[PDB]
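Take a look at the structure below.
Chain naming here is simple, since letters A, B, ... match the order of the sequence lines and numbering starts at 1 in each.
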Amino acid sequence: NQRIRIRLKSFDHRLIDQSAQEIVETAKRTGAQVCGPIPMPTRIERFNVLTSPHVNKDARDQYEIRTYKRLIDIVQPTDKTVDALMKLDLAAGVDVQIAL
Amino acid sequence: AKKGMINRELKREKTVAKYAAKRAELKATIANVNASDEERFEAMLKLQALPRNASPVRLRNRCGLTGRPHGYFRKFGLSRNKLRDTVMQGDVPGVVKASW
Amino acid sequence: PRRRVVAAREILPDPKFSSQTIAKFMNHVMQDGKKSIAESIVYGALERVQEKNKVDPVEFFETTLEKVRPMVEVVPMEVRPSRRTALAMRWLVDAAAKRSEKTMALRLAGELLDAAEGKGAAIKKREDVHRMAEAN
Amino acid sequence: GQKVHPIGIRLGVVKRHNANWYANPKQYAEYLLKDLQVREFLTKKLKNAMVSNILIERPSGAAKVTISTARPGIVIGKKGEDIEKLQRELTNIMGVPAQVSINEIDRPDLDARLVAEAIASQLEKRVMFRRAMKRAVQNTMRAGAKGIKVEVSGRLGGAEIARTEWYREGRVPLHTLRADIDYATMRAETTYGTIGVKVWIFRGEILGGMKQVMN
Amino acid sequence: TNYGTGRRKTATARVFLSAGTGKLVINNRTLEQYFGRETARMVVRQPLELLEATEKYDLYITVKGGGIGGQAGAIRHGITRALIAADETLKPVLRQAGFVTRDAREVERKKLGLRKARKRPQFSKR
Amino acid sequence: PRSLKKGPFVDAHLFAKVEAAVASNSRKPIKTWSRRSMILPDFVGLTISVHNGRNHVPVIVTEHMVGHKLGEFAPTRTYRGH
RNA sequence: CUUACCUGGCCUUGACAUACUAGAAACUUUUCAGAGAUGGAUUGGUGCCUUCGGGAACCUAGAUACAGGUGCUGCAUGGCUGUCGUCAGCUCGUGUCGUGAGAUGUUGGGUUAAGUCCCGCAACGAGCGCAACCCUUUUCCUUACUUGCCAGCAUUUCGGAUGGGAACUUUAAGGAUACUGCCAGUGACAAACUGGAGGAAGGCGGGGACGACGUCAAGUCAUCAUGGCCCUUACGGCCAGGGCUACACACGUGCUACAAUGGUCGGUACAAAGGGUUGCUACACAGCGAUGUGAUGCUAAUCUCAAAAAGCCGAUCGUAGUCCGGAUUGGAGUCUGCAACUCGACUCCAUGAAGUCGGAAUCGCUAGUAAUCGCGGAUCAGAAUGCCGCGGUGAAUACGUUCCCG
């Protein structure tokens with residue numbers, strides 16, 4: 001009863017789905033059943049920044065940043081699956097957490 | 001800001017870091033129920049006898065580039081002017097103009 | 001506006017009597033979005049008039065409305081039909097507000113019955129409009 | 001009135017960010033401050049090497065700095081000593097091992113930063129500003145851009161009253177979000193003060209959106 | 001048997017329609033227990049009273065989100081969609097009554113420099 | 001007010017001075033800048049020169065003053081009318 | 001503290017840089033005087049490379065080029081911003097007319113949110129502006145099935161709680177759809193305009209971002225950078241206390257009320273978005289309460305802040321300065337913090353001010369808007385009636401351009 005949990009975090013959804021698709025494709029090639037990827041709710045943070053150097057309270061820029069999360073489950077893992085997962089490259093801008 | 005103010009901030013940070021451990025020890029001893037009332041009382045006296053700059057409440061957040069004491073935005077560590085300039089140049093990963 | 005003609009906003013019929021007149025009266029009574037309180041006030045008065053004379057609530061209300069309806073404003077000119085009803089409801093709520101009784105519903109029913117015999121501040125204001133129209 | 005930053009307004013539309021890494025909220029500030037220090041240090045050191053773009057990445061507990069330059073030989077060094085020294089200083093500043101990579105620009109006249117740097121150098125060498133502007137605009141248009149606008153502001157020629165002069169050939173559709181517009185700003189420090197230089201270059205409209213751009 | 005989904009002001013209602021005596025439960029509650037004000041009860045019942053079919057169907061309803069008015073509107077929309085799915089010939093009558101339209105009105109966001117969506121702070125020439 | 005579980009607050013340098021005077025019997029006013037110190041029962045009968053931002057004003061401690069801060073008897077702002 | 005101001009106490013190549021000369025690991029313990037800055041004694045350690053004759057940081061001593069300045073000039077400047085104003089205009093090349101500066105095109109007739117589009121016309125052609133490309137919301141499809149969901153089956157302590165299911169809601173990536181597409185009438189017969197069907201949506205469906213050529217010697221030398229002028233035992237640097245919180249007055253922007261469409265008490269329903277490891281805390285005990293103690297889960301679609309409030313049902317108050325209002329003051333406390341006197345927030349008991357809907361005048365708003373009700377965040381040890389967001393309930397009126405403003 002060994003299950004592998006993969007969590008992906010990023011600031012760029014196109015990157016995060018590219019990485020998730022690559023991981024899923026590799027796992028399917030190795031010969032293990034996978035579940036996902038499952039999109040978790042996105043986090044959004046906003047800021048209001050005054051633009052003028054001295055006094056204009058109504059002159060502000062509104063910025064935002066988003067955090068995207070993906071969840072992937074691997075069930076019935078073959079022996080080659082794990083070593084393939086550490087052989088898999090790490091792309092900048094996407095953070096990966098693996099739990100056994 | 002001025003070099004004197006920046007150096008003052010640096011000195012206060014150094015003092016807080018130096019005295020961090022003993023302050024926590026004395027506070028835990030004061031909170032200790034099993035310890036005697038006398039133990040707690042001399043612990044409180046020693047805490048009051050510690051130097052003033054050892055207290056974290058005297059630290060003020062300043063911009064990491066200019067030293068400005070207003071508009072700090074803990075998440076980036078920069079004041080509003082530098083945050084605007086750098087975000088609009090594109091050196092902050094993930095931050096974009098917000099509309100909804 | 002200046003260039004366009006804006007259509008009037010159609011209001012839904014009252015879900016209990018299917019009466020746009022009753023719905024408009026409820027909207028005139030309602031304050032700051034409290035529709036439930038206005039519904040209670042209007043329905044209580046409609047039931048009270050039904051008990052104190054066994055008449056249909058809708059018909060009795062239309063007849064009283066036509067009695068308290070003006071015919072002219074003020075320069076004399078003929079008031080369009082919608083403004084007639086809008087002005088009659090305002091008079092009927094304003095004058096009903098000033099009576100002394102336990103609840104707004106009872107005051108509304110009481111002055112509806114009073115106006116059905118032509119006795120009320122709303123009808124007096126109507127006669128005032130008649131006089132000042134004779135003035136012009 | 002005032003105009004929005006051409007790169008900032010397109011940072012998520014047709015443009016890529018200059019920093020590509022992820023960090024938790026605790027480490028975000030430290031990472032950003034070290035990145036800014038790295039950028040300032042590199043800008044100071046490579047002043048005469050024709051460097052326009054610096055891209056910083058943090059793939060896995062390490063750093064990768066890509067420098068876009070028109071003087072790859074000068075940047076690299078005689079035998080590669082300069083790149084290894086640069087790696088040492090960058091690792092020292094950043095606290096993690098760092099890899100420097102070089103991307104060579106083959107069309108320098110289509111880079112907004114290099115044109116502004118050249119114009120500012122000429123202004124500091126006190127050539128007449130209208131000649132400098134016309135020469136730069138003609139050179140870029142011959143190079144093959146579809147439009148370029150150049151603006152200079154300040155005490156032009158040493159006059160006691162500052163003013164602003166601009167010059168444009170071609171097409172510059174600033175309100176089109178899908179247009180590819182490079183923008184640059186620079187300072188010329190003359191005996192009579194600061195002169196500001198701004199350059200816009202238009203290189204055609206990008207089609208397919210950010211899906212095509214492959215963020 | 002038949003299924004419908006209704007939406008109104010961030011409220012979503014799932015409606016399951018069958019043939020039966022006329023039982024109606026909302027979130028394992030009766031209509032009078034769930035809705036306190038009479039108009040909310042009338043809005044829910046409007047489609048069946050219009051069709052004169054108050055007695056031939058059984059309803060199983062769940063609903064989440066929004067307030068009482070939004071939930072009543074969502075339930076009405078879901079019942080209408082369930083009836084349409086059960087019989088396509090009923091669509092003209094319900095469309096004429098106006099029940100098939102999804103009301104897309106929604107709360108407008110607050111805007112920078114304003115107290116509300118449109119309300120502006122008080123201003124003075126003097 | 002300060003929480004009762006912590007007790008009253010007195011500056012150590014002022015406490016040492018008053019304790020030394022009471023162990024002795026010196027009537028010399030105690031010069032201090034500690035406007036924040038609490039007046040204790042040992043203070044009664046003593047003269048304390050409290051700083052008020054510009055000067056040192058003398059205060060003679062009586063029984064009724066116990067439980068107050070030293071600064072309440074040294075006003076810091078000057079006002080006589082408009 | 002911030003702090004740039006005042007009183008008093010101190011330092012002088014300086015709190016910080018480079019360049020030169022010598023000596024030391026750096027660091028570390030314990031005290032004494034002092035309001036502190038500081039000054040004096042007092043311990044341990046004395047380290048890392050080495051072609052090892054010295055070097056790497058780091059500290060101390062001397063010397064002078066210098067540092068330092070939130071000092072002045074926004075009327076010397078860069079950069080950044082407001083405003084007219086989301087106003088609809090601003091230009092260029094060939095050809096014609098004029099001695100010429102110039103004109104024409106860009107005018108004239110309809111129309112539009114728009115120099116938006118169509119006609120005529122010594123004109124024929126182009127760029128920046130408008131519109132579209134970007135984000136969000138409304139209908140449907142595909143992929144994805146956990147921490148989220150529960151239609152059918154089974155077990156249930158009746159709690160999706162448990163097997164289980166991939167239907168539905170939702171979550172979030174990619175797509176489809178709306179284009180005067182169809183019909184009728186009009187306008188010129190064009191641009192268009194009006195009415196009808198279907199459709200979730202019909203003529204720009206709703207909202208956001210995006211602000212042309214230019215004006216105001218508009219604002220900022222106190223974010224920053226920078227020409228010039230000024231100080232150098234002080235206009236620089238360190239410290240304790242005070243002030244920025246004053247108070248016969250005037251003005252601007254707000255909050256709470258003057259009550260019955262209400263106040264109080266008991267019972268009982270329905271959200272969205274956002275935050276949480278120096279943090280948020282289930283539950284139990286103690287307290288009238290703010291809170292305290294023990295303890296549990298959570299690095300979070302998993303645990304938590306968290307009680308939504310207005311709403312509905314029942315009782316009572318009966319028009320009174322009141323069972324309205326909640327200022328002010330007296331007395332007890334809690335928490336953060338080295339420290340709540342000047343000068344914090346909150347809790348309990350007592351007190352119970354003006355206020356009876358407010359002159360001349362003046363402001364905002366055309367639909368999920370106004371009005372009203374609650375909830376969250378940035379800043380932040382603590383300290384919002386401000387600011388930036390989120391949802392609940394949910395109106396009235398537009399005949400028209402005669403006058404007011406632009």
**Message:** Taking pairing as Watson-Crick or G-U wobble with both contacts under 3.5 Å, can you name the mate of G:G389, or confirm there isn't one?
**Reply:** G:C375

**Message:** With a cut-off of less than 4.0 Å, is there a side-chain N or O of F:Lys6 near OP1 or OP2 of G:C338?
**Reply:** no

**Message:** Using a 6.0 Å cut-off, check whether atom CZ of C:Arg83 has over 12 heavy atoms from anything other than its own residue.
**Reply:** no

**Asked** Across all strands, who's sitting opposite G:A218 as a Watson-Crick or G-U wobble pair, both distances under 3.5 Å?
**Response** G:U81

**Item:** Donor-acceptor pair, side chain of D:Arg10 and main chain of D:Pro6, under 3.5 angstrom
**Value:** yes

**Fill in**
Taking a pair to mean Watson-Crick or G-U wobble geometry with both distances below 3.5 Å, G:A122 pairs with none

**Item:** Test item: A:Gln21 side-chain N/O and A:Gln18 main-chain N/O as donor-acceptor pair under 3.5 Å
**Value:** no

**Asked** Rounding to a whole Å, what distance do you find between D:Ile206:CD1 and G:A132:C1'?
**Response** 17 Å

**Message:** What is the distance, to the nearest angstrom, from the CZ atom on E:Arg120 to the P atom on G:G254?
**Reply:** 13 Å

**Message:** Return a single string for nucleotides 378-406 of chain G, one symbol per nucleotide in 5' to 3' order, where B is base contact, S is sugar-phosphate-only contact and - is none, cutoff 4.0 angstrom on heavy atoms.
**Reply:** -SBB-----SSBSSSBBSSBBSBB-----

**Asked** Is the backbone N or O of B:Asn81 less than 3.5 Å from a side-chain atom of B:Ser79, with the two atoms forming a donor-acceptor pair by type?
**Response** no

**Item:** Any strand: nucleotide that pairs with G:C179 via Watson-Crick or wobble, under 3.5 Å
**Value:** G:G202

**Complete:** Any strand, both distances under 3.5 Å, Watson-Crick or G-U wobble: G:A101 pairs with none

